[PDB]
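Residue numbers (the authors' numbering), protein chains in the order written: chain B, 499 to 550; chain A, 499 to 550.
Where a beta carbon is used, it is the ideal one built from N, C-alpha and C, also for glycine.
This report refers to the structure that appears directly beneath it.
2 protein chains.
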Amino acid sequence: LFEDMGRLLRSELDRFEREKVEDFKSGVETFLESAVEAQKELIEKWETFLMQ
Amino acid sequence: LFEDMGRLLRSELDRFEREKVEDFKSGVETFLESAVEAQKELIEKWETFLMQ
Numbered sequence: 499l500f501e502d503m504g505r506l507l508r509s510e511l512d513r514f515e516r517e518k519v520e521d522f523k524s525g526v527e528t529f530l531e532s533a534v535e536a537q538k539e540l541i542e543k544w545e546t547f548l549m550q
Numbered sequence: 499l500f501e502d503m504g505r506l507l508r509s510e511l512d513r514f515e516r517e518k519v520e521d522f523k524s525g526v527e528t529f530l531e532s533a534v535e536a537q538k539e540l541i542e543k544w545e546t547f548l549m550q
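Right under this line is the structure:
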């Protein structure tokens, strides 16, 4: 049974590792957006102070 | 002489005051160039890991 636990575990494993990227990908995305937006944030700040 | 020292101080004070503004505008310009350069550099970082 103990064997089959290792097998399973491997199946799972491939699944975890695989999971992993994805989490972060999305992670990475949260970042990505935050940055572009940040430059946007500045841009509105600019627009205004042009408007000043 | 004392009267004309204060007079000299006036002439100096308005010069000085205008000066202070000019510096912080160039100051603000140094910030501006770094901020925009940062976001470009970041787009290039982003690009690198799309291509991987």
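Which value, in whole angstroms, describes the spacing of the CA atoms of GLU531/A and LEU499/A? Going from the Cα of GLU531/A to the Cα of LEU499/A covers about 48 Å.
Exercise. Comparing the C-beta of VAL534/A with each C-beta of chain B, is any distance below 9 Å?
Worked result: True, the Cβ-Cβ gap to chain B drops below 9 Å.
Q. Short check: CB of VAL526/A to CB of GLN537/B, under 9 Å?
A. no
- Taking 9 Å as the CB-CB cut-off, is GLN537/B touching chain D? This model lacks chain D altogether, as its protein chains are B and A.
| Does DSSP put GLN550/A in a helix, a strand or coil? | Three-state result, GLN550/A: coil.
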